[PDB]
Structures are given as C-alpha cells and as structure tokens.
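Just one chain follows, in the form deposited in one PDB entry, and it is written as structure tokens.
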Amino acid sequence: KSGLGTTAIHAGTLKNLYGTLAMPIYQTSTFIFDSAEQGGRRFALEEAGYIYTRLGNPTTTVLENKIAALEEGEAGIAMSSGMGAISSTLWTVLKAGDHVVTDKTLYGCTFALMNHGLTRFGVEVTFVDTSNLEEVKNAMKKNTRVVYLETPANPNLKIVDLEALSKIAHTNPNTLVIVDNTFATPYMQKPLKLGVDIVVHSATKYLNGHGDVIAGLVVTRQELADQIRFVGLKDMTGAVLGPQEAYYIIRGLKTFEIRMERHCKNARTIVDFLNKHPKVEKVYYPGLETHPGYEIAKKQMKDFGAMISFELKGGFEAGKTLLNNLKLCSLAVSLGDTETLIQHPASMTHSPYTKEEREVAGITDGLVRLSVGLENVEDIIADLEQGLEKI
C-alpha cells in the first residue's frame, strides 16, 4: 500500500494526449463527438468518455478519483462548494416524509439547511446530542433515512464515535450514515472504514489548503455516487466545479500530506502554550486528555487536528483586544489555509445576537477559534504571546 503523500500526488491520474506532467485544465463546457453514433453510444452508456462538464470533466475526474483513493472509497464526486456536496447528497437520498437524525452542533449552514430548508420540503429532522448513544438510539424511527454526523465539530471541537453511531443507525436497513470529514481530513480519519456510507468535505478548507477555492467533495459506493451525480448535482443543485478550481485543488493535494503534518505539529505545540497560559482558562482540543471524548478521538483519529478553540478568562473585551493586536494571525472566517486564521465568534460571526442567544448556541464571551497555519511555530506563538500581553 502506497503512503498518503504518494497517493495524494499520484492517485487517480488520467492520461493526456501529449503526456504533460501537470494535469491539463479542460476548461470546456462541451465535448465533441466523432460521429452521431459515438454521441448516441455515450448517451446510452455504451462507450466511455465525456459529454458536458455538468455531467463530468476529465480534470474533475482526476480530483474525484484522488479523494476517493484518500478516503478508501469507491467513487468521488466534486461540487463547487462544501454546501454543494452536502445539499446534492441530501436532495438525492431524501424525500418528503423521510426523517433525519443529527446533532445541534453542526456547521452553521448545514444546521440551517436541516432546520429551515429540508423541513420546508416535508423532511422531519430531530436534533440530538450524538455524543450520547442512548439519545441517538431513542431518536431512530422506521422512516429515518439519514443519520448525519460531524466530528470534530464547532465550537468546542466536540467528538462523537463514528463506528458506534453507524452501528446504531444501521439497525434500520434503510438508514444512510453521512459524515462531514472536513476538519479531520483523510490524513486523520477515514469514516468509510468505520462503517459510514457517505463522506462529505468542504474542499475549501484543508484539501485545497490555499484559501483560493470554494469546493466540495463526496466519497461513497459507486451505486450511490452515480445517483448523487446524475440526480443531486445534475438537476437539483447544479453545483458544478469549475475546471480551473478542480486544477487548483489537485495542485493543493500535491502538498496535502506535508501540509497536514505541519498543521498538526504546529497545533500541538500551540495547544501546550495556550493550555499553560495564565490568561487562557480553557482549551478545546481533541488531543487533550481533559477533552470530552478524548478516548474516542484517540481511537478514530490518527492525529488530533489543527483547529483549537480556547476561552480567555477576561471574556468579551479580552477576545477583541487579543485579535485586534495580532500581526501574523489573520482575522477571517474559514480554516485550513496555509496562513493562520483566527475569529472571536461573540464579536464577529455572532454580532447580531444577544449574550443569552449566543450562550444558547454554545458561544461564550471569551471563546476564540484558531485555525493553525504553516508559519514557523515560534512566530505564531510570539504573535499570540504579545497579543495576550495586551489583555
């Protein structure tokens, strides 16, 4: 078995006519046929090859094959955002009258899709604490079609047991388990090997890694993949990845192994610094023995990630003061970029909401979320240290 760097670099490649080393950018909408009969054979699935980029594209196929190889699944599908991957999947496999079990701690736009979108179209959704196996067992119904999971998950890097939850879900023979593996990536976690049916990613984050593409990826069995491609993507979302962006992500994947290694190395060192810092009252990190679900993280994750959240003891003003004094870390949403990113949800993403509303949503006044980048760790720590001195 080839190593992960070898796989990220080489897996899934397709031939080209000129033997270019780089994967060509097939920046095309349509494809020409040699004859009427060849066109007919492609539409009848009797001959291999391409028709139209919304259906598939050779640049995109390489990307799809690569992510499937990394997750050790049968088939990949690419979309023009993580929400495109998630929605295309859900619109394919659900119908009015179906039921979904999921967590309240889900990526915000996914929560909105679940709570306000799917429910408008006749889907029943129950939100439970998926760290409580009994709650999940009790929420299962005959018409549960999807159990949707995310681990680690915002804002406190909650860990849930994918293998155990999948066994519970699969007591109903019609239930699919879908996992958003964005934060962990296939460098750390391979949900399909734990019995999950479908993996989804925001490739916008670590997989691309360079903060320049919005994209999503799905990995699953061929039978399900073909439905997600030819129903969800083709007709119900149209979230078609641009060939240029497919190329950018392929290119980003050339450094995926070494980026993830450095992200995690940096992060573990920063966790130790923050957890020993007098102005930080608590650190949320899956690799701390004091983190809830540490033992689950240790079983299902090869490393503990490069996201860190932490609570400043000085609360709201401490969060703003820290961030406003940083010179290296960048104030922004998103994660998984080569540059370190940081946000203070109480003053930034959750500015429309009262303290009470924020706290109901798990956002505390001193909570800071850090996406650790690839800078020299001494420089990231020096920046945090000087900022913390100002509180």
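For the two forms, the rigid core is made up of the largest set of C-alpha atoms that agree within 1.5 Å on superposition. Only residues modelled in both forms are compared. In this text, residue numbers run from 1 along the sequence as written.
Problem set entry | Average Cα temperature factor in the PDB entry - higher stretch of 124 to 132, 226 to 234 | Higher mean C-alpha B-factor in the PDB entry: 124 to 132.
Exercise. Higher mean Cα B-factor in the deposited model: 358 to 366 or 63 to 71?
Worked result: Per the deposited B-factors, the answer is 358 to 366.
For this session: Have a look at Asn181, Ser166, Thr92, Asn174 and flag the one whose Cα has the highest B-factor in the entry.
Result: Max CA B-factor in the entry, restricted to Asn181, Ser166, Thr92, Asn174: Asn174.
For this session: Select one of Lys190, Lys276, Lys205, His263: the residue whose C-alpha shows the highest B-factor in the crystal structure entry.
Result: Highest CA B-factor of the listed options: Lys276.
For this session: Could you tell me which third, lowest, middle or highest, the C-alpha B-factor of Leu384 occupies within its chain?
Result: For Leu384, whose C-alpha B-factor we compare with every modelled residue in the chain, the answer is the middle third.
Problem set entry | Ranked C-alpha temperature factor of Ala8 among modelled chain residues, by third | For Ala8, whose C-alpha B-factor we compare with every modelled residue in the chain, the answer is the lowest third.
For this session: Would you mind checking where the Cα B-factor of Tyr50 ranks among the modelled residues of its chain, as the lowest, middle or highest third?
Result: Middle third of the chain for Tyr50's C-alpha B-factor.
For this session: Check where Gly211 lands among this chain's C-alpha B-factors and tell me if it's the lowest, middle or highest third.
Result: For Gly211, the deposited C-alpha B-factor lands in the lowest third.
Problem set entry | B-factor third for the C-alpha atom of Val372 within its chain | Lowest third of the chain for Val372's C-alpha B-factor.
Below, we refer to the form deposited in another entry, which is not included among the displayed structures.
Exercise. So, does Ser351 move by 2 Å or more at the CA between the shown form and the other one, with the core held fixed?
Worked result: It does not reach a 2 Å shift.
For this session: Answer yes if the CA of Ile9 moves 2 Å or more between the shown form and the other one after aligning the rigid core, and no otherwise.
Result: Moves: no, less than 2 Å.
For this session: Once the rigid core is superposed, list every run of three or more consecutive common residues with all C-alpha shifts of 2 angstroms or more between the shown form and the other one, in sequence order.
Result: After core superposition, the displaced runs are 14 to 18, 354 to 357.
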